[PDB]
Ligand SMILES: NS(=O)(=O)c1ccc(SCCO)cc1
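Let's start with one chain on its own, the form solved without this ligand, as structure tokens.
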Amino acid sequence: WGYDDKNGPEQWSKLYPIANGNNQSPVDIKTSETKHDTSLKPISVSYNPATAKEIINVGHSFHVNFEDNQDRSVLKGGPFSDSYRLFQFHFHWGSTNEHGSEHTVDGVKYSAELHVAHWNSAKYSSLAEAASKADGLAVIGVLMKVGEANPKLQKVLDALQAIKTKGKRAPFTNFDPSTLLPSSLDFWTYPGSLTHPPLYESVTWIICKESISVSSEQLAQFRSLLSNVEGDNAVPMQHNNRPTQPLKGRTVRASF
């Protein structure tokens, strides 16, 4: 599976029949159809920069991993009753600077998207177990709009030189991903899935109401990582966003 004409999104069902499930992500958020839910609390994120651990090129993307041994870095509030432990952050982008986000708002596709993932440590003993459960994961999604360069992304951009090709990894320490979220405490939430294989329907989405910026030159940098292993022929990481999927009756709730 990948994002090419041959093993891409429109072919994932041949292999993962859940790709055509009822709670597939991402989705288009129609602001005229969202539902205000007065029970939604403000999200509370409390991350410990010492839990930052490594950066790795996985082929279709790059992941920034955190030690998830204890509850030093957690997310509380919003729609939840339990606390979710921080395990990673990653990005989605497209072949063009204008259209590469996964979630869309009122039919409008953004430039890119940041996903901050956490697992339910209050009910599951590990991420492996929790990943396939309805309440297993919580992911904060932040829409990225091309404009002014975002200086908060720097340390991440700088680390990329060390993981140019597939399987490469490097220490990535003393970082607080809360530095990347917008000031706004308002969001949309809906039940869904991972946006790539295995496509498990175990994610409760938290989509920020506010977007962050990024310049075209920062995006070109993501686009420059290679999908191939070292020594082979260059194949860039051109794109990795999945098209929106039908809502099939789910409700998108708003905290405002």
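The first residue of the sequence shown is number 1, and the count goes up from there.
Absent from the display: the form deposited with this ligand bound. The rest refers to it.
In summary, the region of this chain contacting this ligand in the bound PDB entry, judged by heavy atoms within 4.5 Å and restricted to 90-98, 172-180, 156-164, 73-81, corresponds to 90-98.
205 is the sole member of 187, 205, 222, 47 with a non-hydrogen atom within 4.5 Å of this ligand in the bound PDB entry. Listed residues 227, 51, 193, 211 were compared with this ligand in the bound PDB entry; 193 is the one with a heavy atom within 4.5 Å.
Interface membership of residue 109, defined by any non-hydrogen atom within 4.5 Å of this ligand in the bound PDB entry, is ruled out. Contact check for residue 139: a non-hydrogen atom falls within 4.5 Å of this ligand in the bound PDB entry.
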